Amino acid sequence: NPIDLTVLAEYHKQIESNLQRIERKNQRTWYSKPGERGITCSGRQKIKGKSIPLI
Amino acid sequence: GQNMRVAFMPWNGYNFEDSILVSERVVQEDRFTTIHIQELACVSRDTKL
């Protein structure tokens, strides 16, 4: 009877597999490719300036 | 534009090289007031974290 952390490896593999499934689904439906027509909108984001003192 | 009553005369220097004097009747009848339309967008971005 030596020491044992097989349940630790199973738990860590379960965490890795569940996180890989969720992140694969999110990176599947957020960086998809639009088809035959192109990007149907535009980003249009612009940043203006401010008056920032320097004390 | 719009058509207005104009006198050609030097009036106290307020029209020195090419300046124009305007009476407040042109303001109160708001007959050069102009509507402007700006546009601003905002996107939700898939960053990390």
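What to note about this one:
- Candidates B:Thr47, B:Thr34 - the one that is loosely packed, with under 10 Cβ neighbours inside 10 Å, among the polar types (S, T, N, Q) and away from chain A (no Cβ under 14 Å): B:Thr34
Every residue, every condition in (1) in a loop (DSSP other than H, G, I, E, B); (2) in contact with a strand residue (DSSP E or B) (Cβ under 9 Å, 6 or more places away or on another chain); (3) closer than 30 Å to B:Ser44 by Cβ, yes or no:
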residue	(1), (2), (3)
A:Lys13	no, no, no
A:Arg28	no, no, yes
A:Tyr31	yes, no, yes
A:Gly35	yes, no, yes
A:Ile39	yes, no, yes
A:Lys46	yes, no, yes
A:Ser51	yes, no, yes
A:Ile55	yes, no, no
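- Out of B:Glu39, B:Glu17, B:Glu24, B:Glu29, sole residue that is within 14 Å of chain A (Cβ to nearest Cβ) and out of contact with any strand residue (DSSP E or B) (no Cβ under 9 Å at 6 or more places or on another chain): B:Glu39
- Number of the condition not met by A:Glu36 [criteria: (1) acidic (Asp, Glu); (2) more than 25 Å from the chain's Cα centre (by Cα); (3) farther than 30 Å from B:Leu40 by Cα]: (3)
- Members of the range B:12-33 found to be assigned to a loop (DSSP other than H, G, I, E, B) and under 16 Å from B:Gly1 (Cβ atoms), listed by number: B:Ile20, B:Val22, B:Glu29, B:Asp30, B:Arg31, B:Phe32, B:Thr33
- Check on B:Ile37, within 15 Å of the chain's Cα centre (by Cα), within 30 Å of A:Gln45 (Cβ to Cβ) and part of a loop (DSSP other than H, G, I, E, B): yes
Heads up, the Cβs are rebuilt from the backbone with ideal geometry, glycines too, and the neighbour counts pull from every protein chain shown. Rule-based calculations on the coordinates, nothing more; no lab input.
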